[PDB]
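Notes follow once the structure below has been shown.
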Amino acid sequence: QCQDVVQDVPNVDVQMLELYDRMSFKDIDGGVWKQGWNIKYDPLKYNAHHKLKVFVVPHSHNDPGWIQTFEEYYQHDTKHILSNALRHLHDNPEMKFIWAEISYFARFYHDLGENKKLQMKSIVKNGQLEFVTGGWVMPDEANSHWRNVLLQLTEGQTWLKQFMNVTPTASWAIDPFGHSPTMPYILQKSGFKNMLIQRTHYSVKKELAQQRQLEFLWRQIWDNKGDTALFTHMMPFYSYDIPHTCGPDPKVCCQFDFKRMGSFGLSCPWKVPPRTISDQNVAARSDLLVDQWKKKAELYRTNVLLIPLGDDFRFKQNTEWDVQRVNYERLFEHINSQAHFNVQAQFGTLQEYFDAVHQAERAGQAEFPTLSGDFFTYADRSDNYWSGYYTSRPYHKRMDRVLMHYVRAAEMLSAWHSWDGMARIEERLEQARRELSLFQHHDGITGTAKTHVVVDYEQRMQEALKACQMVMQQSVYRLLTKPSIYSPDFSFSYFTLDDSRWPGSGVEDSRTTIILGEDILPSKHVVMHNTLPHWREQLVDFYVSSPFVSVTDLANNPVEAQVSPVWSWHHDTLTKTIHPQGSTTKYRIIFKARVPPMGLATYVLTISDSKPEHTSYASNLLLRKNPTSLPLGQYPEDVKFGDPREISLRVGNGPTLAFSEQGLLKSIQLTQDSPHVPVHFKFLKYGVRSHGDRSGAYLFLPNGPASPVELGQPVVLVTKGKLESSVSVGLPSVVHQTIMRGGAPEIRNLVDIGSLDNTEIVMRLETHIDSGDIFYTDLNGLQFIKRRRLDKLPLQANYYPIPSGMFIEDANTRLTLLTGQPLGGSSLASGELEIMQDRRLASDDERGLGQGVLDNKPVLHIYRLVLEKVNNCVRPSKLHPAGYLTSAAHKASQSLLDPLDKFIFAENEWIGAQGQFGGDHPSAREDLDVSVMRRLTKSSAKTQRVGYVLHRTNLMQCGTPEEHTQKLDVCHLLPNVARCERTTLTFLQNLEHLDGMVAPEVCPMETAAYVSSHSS
Ligand SMILES: *[C@@H]1O[C@H](CO)[C@@H](O)[C@H](O)[C@H]1NC(C)=O
Ligand SMILES: O[C@H]1[C@@H]2[C@@H](O)CCC[S@+]2C[C@H]1O
Ligand SMILES: [Zn+2]
């Protein structure tokens, strides 16, 4: 049956948390290998019957945006690299080249004439040009959500299958800033057999090198059996550039980068230039180079050695192709003909290297270790830990998650039907997928690009959001209109999307008010979509032009609603206070929408001349000294005023929250009898060093622990309603909001760091929880990994990515913070959680970006806070490296990442309107998600095909019986199923033809893909 992911601790040779506890992390000078040691080898190791096989693998790192935009790099550099690669590989049959970034390759190939397309296909087919990974990008591994890692991988590999007829099975990840086990998870489920990584902490490289553990079978932290394992090669040295890839001595290796002799504007910082290889020097030059190779080979277990040959945007000029190729050819001729070296060296590809490694393994020459864990937080040297980019450019980090959801929703909503080409559905979805995929680049979501490049990514993402909205609203109109009435104009807006959290109140006033009135329009239809495969009820809100509005379902059943004011916060430069103003012409109406699995539900908003029977009105209390009046137009309850004071609130039967006089949480009481548990929010600031290394987009180099933000006497606004209550406070740089709807609170921070240079703003939670040095953070929204704070490491080393959540716990109590955006965070003392909100840095951090981070803009960060008793939960043992969410924390995460979508009908009357879609869809167990639903065929295909990605998480058992659900068989969601197949996660290979055309559900922590085929 399924593997147990909780109770059995895997036995692995290397467990990265255990390794971290034992390592000392001393930064001593190792000689020419500055972070290693002087490698020694026995010359007699190699001989006539046991040669060293060397693969020199030419490559070119092409960032899809960084210090230029994608299109700028394409025009100035990448199109010439690819054009000249085609020519030089064509003309030089033993030369090889690998290529990773399919965004660029697709941009290139589609501009080729057919003669050149054919020539390109021939050098791919014959193995000279080899694709590695084949994703749209080489993604960030820290901030990216696994769903978007899969999206971009699929975008690139689907392109490659269609146009190049190849599917890579080896991955190349030389530049992401630390590495995640989510990558082998996805890759192994996508047909891969091997992967390569580079940017791991220098101390880890030393430790694993000493044990010859740089090649390993990387399995997931919970995986007892090993079925998730993927063979992984970690490169051993400081960079992927030629000085750090031939061997341990960069002064020697630089002499073999033949672009550095002067005419190209490059040189060797170790002050010994390359020399052109001639018959007079080739023996000496070869003895230098072979000795470097044999030292590198000592770090690995086979007689097969990988030597990358490349750097950023290399292999551009024809003269560069020639100078590298001709000099290496002279070296190979000499080396391979001189028996005393016992070396056979050649240009090769990545797959060629791995195939030869595994041939050695099968011949019994090596056994590889098993490994679990991750490779965060990266440091490349000294105390320079790359935890800054977990937060840099947080606006765009948040935008990533918004677009993630709208791509899912657009693909799902439109998959139910086949569309005519004139509807431009496929066109808009392809654009949306590609812009989101581009942003997964390790200079996109990471916030490590130049200002104008960030603007380009943002503009692309905005176009993608508009594309999603168009597809979604067309789809809703089709799904909810009587078929014989449906008369679409595929350019028309039948609905507009309403999003309450993006860009957010205080960031952009982009929401449309529903305008009702006796002399204009009595009522309005709205529609909610639920992308999750279970019934959901959730409060939804809209802006309306009257407070006298009531809600009905499309059976005209009244729905209870609450009306509240529309409050906006202002930085009053004449009074020097931050305080709220209420609208006198628009109001918020809130009600519970109940929406089928993967379905839609319609409601109607109707105006009346007076308070309606089933609509209540929130009270409002402004706490501040010196108040002034707050008129609210027709809102029927007058605002109350008071001096600052502690307050407590409870919605429904839910928790009771107590707040300080400054508007910040102080305690949570779960039930009426129970203790008021201390849970205190605090905002603090980190600065920058005034000597030594400065923080920048990549690096976090604080000048000591954080200092509290001075709050003064902030203005606090309390809104109390039957359905929703909140406490909001205007603090320096942050409008902080705690919202209660009857379960776990929601936190919203409108963060505007303003002109506070050299400041990082952190939000900290202080509790009594006896967590010691342990805390948990997620990896890519997929899994939670145990962290241990290490006081032998500096503060910034104890920061980890928080892509979706974090928690601390003791024997009895857990506090989980779920996020709607990836940010950096830690637990720096027992009972604490902290998460960075924004950072503004005036200096560059000396990694090549050439600017600090001075382009901050207001961002609305969102969270859920879940305090729980966990003493009755079945948790992993103390030695297990994973943790798992409870039901309530998982649902709270889903609330943030995949909320209901809201649609407002744009015209005055919707003729043929229907009340619901998907009432017959199965309501699957809470731990299962349909992560992807995508129609894979256009309308001309006689056999339509729909793909599904199913993911089951693992939730802790805590004694909530929580049961009766329906089985979900995705292959029967559409009618006329003729076949159901299990596929790789990219949909590109059929793995099993399924009996009865039934797609089984998956095991906890597993992800599977299915394709259903339909004959009508
Ligand atoms: C793709 O490759 C397979 C074997 O590599 C070959 O049989 C086939 O003709 C190619 N199909 C295409 C070009 O779609
Ligand atoms: O962000 C950049 C990388 C970083 O490692 C700094 C050195 C250049 S690489 C190219 C970019 O992706
Ligand atoms: Zn890069």
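Note that chain A carries Swiss-Prot numbering, so the residues on display, from first to last, are 93-1108.
Every residue, even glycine, has its Cβ placed from backbone N, Cα and C.
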Same-site residue for Zn(2+) (record: Swiss-Prot; known: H153, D155, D267; options: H497, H509, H534) = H534
Inquiry  = Around the Zn(2+) site formed by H153, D155, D267, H534, which additional residues qualify by having Cβ within 8 Å of the site's Cβ center?
reply    = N154, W158, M230, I266, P268, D404, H533, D535
Request  = Only counting partners 6 or more residues apart, tell me which same-chain residues put their Cβ under 8 Å from the Cβ of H534 (Zn(2+) binding site).
outcome  = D155, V229, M230, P231, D232, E233, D267, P268, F269, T540
Query = Which residues, sitting 6 or more apart from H153 (Zn(2+) binding site) on the same chain, put a CB under 8 Å from its CB?
reply = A192, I266, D267, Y332, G402, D403, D404, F405, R406
Ask   = Of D155, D267, the binding-site residues given in the record, which has the fewest other CB atoms within 10 A of its CB?
value = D267
